[PDB]
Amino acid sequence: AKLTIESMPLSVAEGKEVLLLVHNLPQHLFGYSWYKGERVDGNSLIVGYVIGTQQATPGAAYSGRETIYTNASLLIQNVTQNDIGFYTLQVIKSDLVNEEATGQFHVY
């Protein structure tokens, strides 16, 4: 089944926090990368996470707000009014047949 992102909650009050849950995560993974926006693009990288070491390394889009968990979920605190709300996960499989999914939340 398709890798999908669920926003918990779907609508988030400005200043509050949103959890991005990941469904249908494939097995035998090497790591995860979360991006701000709709695309895999290193300039929008929030965090790359190596499962084996549990090492999270921030990218240029990391803002202090974002925390990645071992189950691939991304917690975003202190959500801004201007955030269009698109976030993109790339799962990096140990065979490098990698998968992407984009989720969205709606700030009010």
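So that there is no doubt, residue numbering starts at 1 and follows the sequence shown.
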ask   = Looking only at CA atoms, which has the higher mean B factor in the entry: 31 to 39 or 75 to 83?
value = 75 to 83
ask   = Can you tell me which stretch has the higher mean Cα B-factor, 22 to 30 or 45 to 53?
value = 22 to 30
inquiry  = Among the modelled residues of this chain, does the Cα B factor of residue 92 put it in the lowest, middle or highest third?
reply    = lowest
key: Modelled-residue ranking by C-alpha temperature factor, third containing residue 101   = lowest
